[PDB]
Visitor: 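Here's a structure for you.
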Protein chains: 2
Amino acid sequence: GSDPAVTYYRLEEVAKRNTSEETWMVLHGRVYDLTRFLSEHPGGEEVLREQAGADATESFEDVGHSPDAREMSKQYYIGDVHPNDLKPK
Amino acid sequence: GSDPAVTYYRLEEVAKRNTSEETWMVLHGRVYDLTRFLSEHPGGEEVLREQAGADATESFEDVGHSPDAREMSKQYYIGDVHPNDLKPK
Ligand code: HEM
Ligand code: HEM
Ligand SMILES: [Mg+2]
Ligand SMILES: [Mg+2]
């Protein structure tokens, strides 16, 4: 069941956005446009460039971001990963 | 100049890695060294051999790879396609 209020992106569409002109990334089943965040990230640009257009959930959690960082991610949230591209829990 | 965190490859060079000794492939503007991946590819070696050395984004996405297949590709990423060789738009 897709949610009328949410815009969904297939991982194929996220994979296209892997350039400095447009960088998207998936974190926990949600899509973030970090294009403008790249030069402001306190963890630097490179870690984000390397996984541009991809699901970087594991790296994000391995680093262990703070509640403050998670709060900050909300400003870049743009949609949910299409139901079909979500993995079983 | 470009981005020093990125090694760039011209499609002319990528095209030469089309045998089992060294097979590279392009997916969404990035180069992947699949030489060790061939044996382990669930869809078999032949489908990779067929587009070895070329951009196989279309066939990759048309097949419908899973989130796990995408995660798996990351370890083979060696660099980006030279900007001159990408689509103009
Ligand atoms: C919109 C998503 C993201 C936001 C808002 C964000 C935000 C931040 C912030 C605020 C910090 C400072 C320390 C703290 O608050 O925990 C930080 C550090 C860091 N971030 Fe992120 N980050 C994001 C995504 C990522 C991703 C996807 C990666 C990995 C590919 C990453 C890798 C790092 C690293 C390596 C550090 C350094 C911390 C350490 O020394 O271990 N971040 N990030
Ligand atoms: C780094 C590049 C690639 C990786 C890591 C990869 C990985 C995988 C994995 C893990 C599967 C199992 C099903 C799934 O998880 O989706 C799979 C299946 C398959 N792959 Fe690939 N693949 C790659 C490139 C390609 C390319 C370029 C082609 C086409 C020329 C291809 C054709 C197939 C086919 C036909 C299947 C079977 C589909 C099924 O019924 O699930 N793959 N691949
Ligand atoms: Mg060499
Ligand atoms: Mg994953």
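Note that ligands are numbered from 1 as they come in the structure, with each ligand's atoms numbered from 1 the same way. In the text below, chain A, chain B and the rest are named by the order of the sequence lines, each starting its count at 1. When reading the values below, keep in mind they use all heavy atoms of this one structure, side chains included, and skip hydrogens, waters and symmetry mates.
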Visitor: Could you tell me whether atom 39 (C) of ligand 2 has at least one protein heavy atom nearer than 4.0 Å?
Guide: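 Flag for atom 39 (C) of ligand 2 set to false, no protein heavy atom closer than 4.0 Å.
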Visitor: Can a salt bridge be assigned to the pair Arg70(B) and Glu61(B) using a cut-off of 4.0 Å between side-chain N and carboxylate O?
Guide: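 Salt bridge flag = yes for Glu61(B) with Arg70(B).
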Visitor: Is the shortest side-chain N to carboxylate O distance from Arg10(B) to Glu13(B) below 4.0 Å?
Guide: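 No, no charged N to carboxylate O under 4.0 Å.
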Visitor: Which of the numbered atoms in ligand 2 are under 4.0 angstrom from any heavy atom belonging to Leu48(B)?
Guide: 24 (C), 25 (C), 26 (C), 27 (C)
Visitor: For ligand 2, which atoms, with element, lie under 4.0 Å from some heavy atom of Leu34(B)?
Guide: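 In order of numbering, the contacting atoms are 1 (C).
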Visitor: Hey, is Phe60(B) one of the residues with a heavy atom under 4.0 angstrom from ligand 2?
Guide: yes
Visitor: Checking a contact table here: which protein heavy atom is nearest atom 10 (C) of ligand 2, and how many Å away?
Guide: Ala69(B) CB, 3.6 Å
Visitor: Please tell me whether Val14(A) and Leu34(A) are part of a single hydrophobic cluster in this structure, the criterion being side-chain heavy atoms less than 4.5 Å apart.
Guide: no
Visitor: Report yes or no: does a heavy atom of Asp68(B) sit under 4.0 Å from some atom of ligand 2?
Guide: no
Visitor: Name the orientation class of the two ring planes belonging to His65(B) and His41(B) (parallel below 30°, tilted from 30 to 60°, perpendicular beyond 60°).
Guide: parallel
Visitor: Check this for me: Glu58(B), atom CD, are more than 12 non-hydrogen atoms of other residues, nucleotides or ligands nearer than 6.0 Å?
Guide: no
Visitor: How wide is the angle at atom 21 (Fe) of ligand 2 between NE2 of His65(B) and NE2 of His41(B), to the nearest 10°?
Guide: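 Approximately 170° at the metal, rounded to tens of degrees.
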Visitor: Applying a heavy-atom cut-off of 4.0 Å, say which part of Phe37(B) lies close to ligand 2: side chain, backbone, both or neither.
Guide: side chain
Visitor: OG1/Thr7(A) to CG/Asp80(A) distance, rounded to the nearest 0.5 angstrom?
Guide: 9.0 Å
Visitor: Taking only non-hydrogen atoms of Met25(B), do any sit less than 4.0 angstrom from ligand 2?
Guide: yes
Visitor: Looking only at N/O atoms, are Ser66(B) and ligand 2 under 3.5 Å apart anywhere?
Guide: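 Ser66(B) vs ligand 2: N/O contact under 3.5 Å present.
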Visitor: In the protein, what heavy atom is nearest to atom 12 (C) of ligand 2, and what distance, to one decimal place, separates them?
Guide: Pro42(B) CB, 3.5 Å
Visitor: Thinking salt bridges, do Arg30(B) and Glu50(A) make one under a 4.0 Å N-O criterion?
Guide: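 The answer is no: the pair does not qualify as a salt bridge.
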Visitor: Salt bridge between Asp68(B) and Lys87(A), side-chain N to carboxylate O under 4.0 Å?
Guide: yes
Visitor: Looking at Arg49(B) and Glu45(B), is any side-chain nitrogen of the basic one under 4.0 Å from a carboxylate oxygen of the acidic one?
Guide: yes
Visitor: Which atoms from ligand 2 have a heavy atom of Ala56(B) less than 4.0 Å away?
Guide: 27 (C)
Visitor: Under 4.0 Å from any heavy atom of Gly43(B), which atoms of ligand 2 are there?
Guide: 18 (C), 19 (C), 34 (C), 36 (C)
